[PDB]
């Protein structure tokens, strides 16, 4: 049970699935603002998750000894993403929009953590590849996957690695972490038994090297690699080795015949966790009747599930090292309406149940600071000096008073 300092140093992350579904820059700014207000440290933004919803200004890709022109890559990606879900609200964020988003979050002490999913959840990239002349990028098992790249297809792999590298190059120097996903390999084509299928066809070693290369690409570009736990040391076996520097976003140990590594086992291999507990999931539009991650359950679970409790473990009987925790908003059915206040209420309850971990609200202090002769310059200083930047969410009134004193002095 940490000191105030340890508690505040942990990441508090709100995750938004803008891979499946379009979110405007304004919508994401409002999320950033609300995250800042409630005391979160980061917004985790999925840009590639099924749909690919982010184009750089220059999308020229070099791979397979060949060159794929920027205009063609954009067109193919737009077609890929539209084939997955032609969202009426928009298709993809631009490079200027994400740059502005990052610079807005930074002004509020909020990090951005981008996620570009592969080799699963990459519907949009698969079709984009077909459009660029890359035949059969899809995994084939019980049927031809719509979500997952064939690991035997070197043409497709090289392209995707080049694509992901250009994304990484953009986020280099702008964000600390890059999440490359790897959750649910070929779920759609194996009845959600993808890992078993990879092991069956002796392609799991091939998955690992793919995962290890993305990890290496991230580190080389000065980005801390992150990935979902699913495909790491599946079934607690270690004949296939994984990069030990990946931050594991741990969400679940899986279900009958989806026998993921335990958090105990990954901690024994040296891993650090971002606690992305499935208990906190909310899928837009999910009703109580539907079961699963509906709003009332997620809200209840921010109460029942301790901040540090990794899925499948009881806290504190099992106490594993985490850098923080992440509450996740998903868009499984992307035509469900995004209701801002649902997300806000859920964000609020997670903060309200963990006040020791969340910062106080510094938006009014910032607003006041940017408003700035005699012994009245002496006063403005003594108020400036009395500012405390270390206050948690339990101490908002204390902060309000310090801000009130500084307002007084500036008048």
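Numbering follows the first chain given and starts at 1.
S.K.: Within the set of other compared PDB entries, does residue 49 lack a model in a third or more?
M.R.: No.
S.K.: Please report whether at least a third of the other compared entries leave residue 373 without coordinates.
M.R.: Yes; at least one third of the other entries leave residue 373 out.
S.K.: With respect to the deposited sequence, how many residues separating residue 372 from residue 373 are not represented by coordinates: none, 1 to 3, 4 to 9, or 10 or more?
M.R.: Gap size class: 4 to 9 residues without coordinates, per the record.
S.K.: Averaging the C-alpha B factors as listed in the entry, name the stretch that ends up higher: 382-390 or 341-349.
M.R.: The deposited B-factors put 382-390 ahead on the C-alpha mean.
S.K.: Mean C-alpha B factor from the entry: is it higher for 64-72 or for 33-41?
M.R.: Between 33-41 and 64-72, it is 64-72 that shows the higher mean C-alpha B-factor.
S.K.: Quick one: which of 268, 91, 153, 276 shows the highest Cα temperature factor in the PDB entry?
M.R.: Of the candidates given, the C-alpha B-factor peaks at 153.
S.K.: Among 167, 197, 232, 256, which carries the highest Cα B-factor?
M.R.: The listed residue with the largest C-alpha B-factor is 256.
S.K.: Can you tell me whether residue 322 has a C-alpha B-factor in the lowest, middle or highest third compared with the other modelled residues of the same chain?
M.R.: Tercile = highest for this residue's CA B-factor.
S.K.: Among the modelled residues of its chain, does the C-alpha B-factor of residue 121 lie in the lowest, middle or highest third?
M.R.: Answer is lowest: the recorded C-alpha B-factor places it there.
S.K.: Where does the C-alpha B-factor of residue 396 rank in its chain, lowest, middle or highest third?
M.R.: Ranked within chain, residue 396 CA B lands in the middle tercile.
S.K.: Using the temperature factors of the C-alpha atoms in this entry, rank residue 159 within its chain: lowest, middle or highest third.
M.R.: Middle third.
S.K.: Comparing against every modelled residue in the chain, figure out the third that the C-alpha B-factor of residue 304 lands in (lowest, middle or highest).
M.R.: For residue 304, whose C-alpha B-factor we compare with every modelled residue in the chain, the answer is the highest third.
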